[PDB]
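Numbering (our numbering), first residue to last: 4 to 55.
Okay, so here's the structure we're looking at.
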Amino acid sequence: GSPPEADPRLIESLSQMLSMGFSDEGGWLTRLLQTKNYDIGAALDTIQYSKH
Numbered sequence: 004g005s006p007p008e009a010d011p012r013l014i015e016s017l018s019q020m021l022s023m024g025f026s027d028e029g030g031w032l033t034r035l036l037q038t039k040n041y042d043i044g045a046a047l048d049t050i051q052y053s054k055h
């Protein structure tokens, strides 16, 4: 079996964020990937919030 509707690539990116120390205000650690096209690397800049 191999349903393309499992989003198995989100857990991967979510896995690296699990060892990061991120937040989840709007529970984005799960939807972020979905919203930021799993670009946690690019989202990292928004997920690590380094602006002032």
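The beta carbon of each residue, even a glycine, is placed where N, CA and C say it ideally should be.
query                                                                                                                                                                                             : result
Tell me the rounded alpha-carbon separation between residue 16 and residue 43.                                                                                                                    : 7 Å
First and last residue of the alpha helix (DSSP H) that includes residue 15?                                                                                                                      : 11-21
Hey, out of 24, 36, 6, whose CA is closest to residue 13's CA?                                                                                                                                    : 36
Looking only at its own chain, which residues have a Cβ that is under 7 Å from the Cβ of residue 32, when we skip the five neighbours before and after it?                                        : 17, 20, 25
Please go through the same chain and pick out, in chain order, the residues whose beta-carbon is closer than 7 Å to the beta-carbon of residue 46, but skip the five residues on each side of it. : 35, 39
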